[PDB]
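Coming up, as structure tokens: structure 1 and structure 2, two forms of one and the same protein chain.
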Structure 1
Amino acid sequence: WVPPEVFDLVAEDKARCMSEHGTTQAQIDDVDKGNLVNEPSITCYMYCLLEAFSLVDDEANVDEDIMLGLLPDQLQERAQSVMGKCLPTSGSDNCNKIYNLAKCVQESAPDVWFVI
């Protein structure tokens, strides 16, 4: 046995997603605080992070069951009502659909946000 090089999937996904969508760290910091803008460098970044855990496919379809598994116990009941209101996604393109979803979630549950 030789020590392997270890890769944190979350870290590697954020590095890749930020590079593939031209996202700045300031932008990521804003997103991590729940502050969003309808600009692809933000919204396609969010999309990219969701897709890397199979929370969305490549056609903006969100997998509710995968999402529920990730959420903590204390948010399960609320999450079911919020996703019932906010899914299926709708918008102008893949990334705007994810924008609209995020905004729908914030409207329904203004005290809840997450970072992957």
Structure 2
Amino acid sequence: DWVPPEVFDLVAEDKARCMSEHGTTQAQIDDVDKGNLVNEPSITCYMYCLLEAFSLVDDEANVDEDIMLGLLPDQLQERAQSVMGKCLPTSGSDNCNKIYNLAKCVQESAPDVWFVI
């Protein structure tokens, strides 16, 4: 669980662009999924890049919560909305680092569900 496999097809093109743009390796992504976050631009800008690709964030890494909730499964919307109370607004020294700070907040608040694609 829980991401439907269809989402991997849907993000494939943007994922390859984002990894190429930022020098991201799958190993870095697999490590964020296992809960290990580091402030490395190659992974933090990748997370911003992918989020942007789907209008989840804007040009200053403000999260669009309406879009985020509508995109999440109908079950998680409870948790989600609660974690956005704690973790939004995003904060940091640049768009990438604002997403690093977000990621570790959400990792921390919901390890059960936490995931990056």
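Quick note, the numbers are simply positions in structure 1, starting from 1. Residues that one form lacks are left out of the comparison. So that the term is clear: the rigid core is the largest set of C-alpha atoms that superpose within 1.5 Å between two forms.
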Pick from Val31, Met67, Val82, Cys48: whose Cα moves by 2 Å or more between structures 1 and 2, rigid core superposed?
-> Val31
After the core is matched up, is the C-alpha of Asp8 off by 2 Å or more between structures 1 and 2?
-> yes
Once both forms sit on the same core, give the Cα displacement of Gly91 between structures 1 and 2 in angstrom.
-> 1.1
With both forms fitted on the core, how large is the C-alpha shift of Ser19 between structures 1 and 2 in Å?
-> 0.7
In sequence order, the rigid core aligned, runs of at least 3 residues with C-alpha shifts of 2 Å or more between structures 1 and 2 are 1-9, 28-36, 114-116
